Every structure is written in C-alpha cells, then in structure tokens.
C-alpha cells in the first residue's frame, strides 16, 4: 500500500480537533529517552491505535504513544518509541508521523538514537551531534520518498546536503557548556544500516573507510522526510558500545551491554533535552 495526501490530512485534522496543544517541536525519542514524556506538563496522550491511519506498534511493550504537552514551557509532540526497518516496517510507515507533524504546524524535529562508535575517540556514554549521514539503505532503493511525490509536501528531488541545522547544533553545545559537564559533546557522521545483527569486523572496517563516526538502525528516513517537508532537524546519538574493529579483541557488541548503556545515560539525556528546549528558536515572525 501507501498513503494519500487526504490520509495525512485526516490524521492531522483529527489530532488538531482532539487536542488543544499546538506543537512547534516534534521529539522522536530513541534509546534512553523513553521516559522523557514524564517531564511534560499538561500532557495529553494518544495511543497510535486511537489515531486514524497511524501504524500500530506490533512489537513487545506498551501501545506506541503520541504525547502532547509543554517541555520547559515549549509546545512539544513526543513519539515515545519509533518504528525500525529491522522490525519489518516499510519506510512509508516509519516516516508517516513526520508528515503528520508537518501538517500540525511543527517547524522543528528533534530525533535521537543509540549508535555504535566507529570513531576510536568515542567512549560509551558519549553524545554525538549528527552533523551528516550516509543513507546506505537509500542507495539501494530504501528511501522513504520512493513513489509518487506530492508537491504539497515538497520537491520531487530534495537536497540533503544541509539537513542538520547549524543553529540547533550551536545551541546543543551552549546548553552542554552551561551544564559544565566533564566530557565534550562529540560531532560526526551517522551511517544507517538496516540491522538488526551487529557488524562483523570486516563490516566495521567498511563503515570506517566510508568516513562514518557512528552506526545505527534508524533516524535517516525520518530526517529525509522532515527535510522534504522543510522542517529544521536536530539529531544526536548515544554511543552505547565501541564497534569491534580487529580480530584480536576479546570484546563483542551485545544487547545486554547496550541496554545497560541506555539505562545509565537515560536521566542525563532527559536533563540535556529538557534544558535544550529553552534554547530552541521561536517560530518565524
């Protein structure tokens, strides 16, 4: 299947008529930010299943949630969880919410994730501001824009060379500076791979040689649709593990360690984003 413009329209107008909230900022909560909805005021919760056209979470855990409220005084719409390719979702389902956000009047997307460090400078618990991406699925046909283009969203052939807003990154660094934290923020290129299996050593070397600083399984498709629509985009990676890059290492990527990294970073990440909210540019006069 796909979605028509009318489908997005009906979802948007249904949400506009069922909440008083008028979000400026969309937060898609990746690994470690599950709990960020807890810091919202005047929170209003919709299960994906209540929302017309909205893909249902078919994965273990709670019904996926769209939550409207104020984060540090700023009108937010928050996706508690996101869809992954590795779960069997087509990219036109993964990115469905980004079109709806656009039609609600959102002008800014915050997108976070977990990723493996490819840059040897990176340490577990580091935060990497996404400055650029390598869409490996994109190269082969797995681009969320594949299909007919609606001129109501954007151009047939949108540019991605300016996708990661300079100002948002400037203000992430300021916020971080004023937290007087010990470690610098990192900044680099995120490469998307479909996953869900972790890289071989030979694969890690490929991604290093390609110039990737971190690797994960999400985010790029949401960024491409956001940019098609004209939203400004801010992203970062929690570095949950250092990808294994030689045959002599005794270490090995694993689910238990990357869960532990998320759980440990979780409150630091909520603190970071809660404060950053205060510094997000206002809608344009």
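Residue numbers count along the first chain shown, from 1.
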When the Cα temperature factors in the entry are averaged, is it 99 to 107 or 175 to 183 that ends up higher?
175 to 183
Do the C-alpha atoms of 128 to 136 or of 77 to 85 have the higher average B factor in the entry?
77 to 85
Highest recorded C-alpha temperature factor, please, choosing from 55, 235, 216, 230.
55
Going by the entry, which of 239, 225, 243, 63 has the most elevated CA B factor?
63
Chain thirds of CA B-factor: placement of residue 170
highest
Compare the C-alpha B factor of residue 266 with those of the other modelled residues in its chain, then answer lowest, middle or highest third.
lowest
Would you please rank residue 147 by its C-alpha temperature factor against the other modelled residues of its chain and give the third it falls in: lowest, middle or highest?
middle
Lowest, middle or highest third: where is residue 59 by C-alpha B factor in its chain?
highest
Split the chain's modelled residues into thirds by Cα B-factor; is residue 221 in the lowest, middle or highest one?
lowest
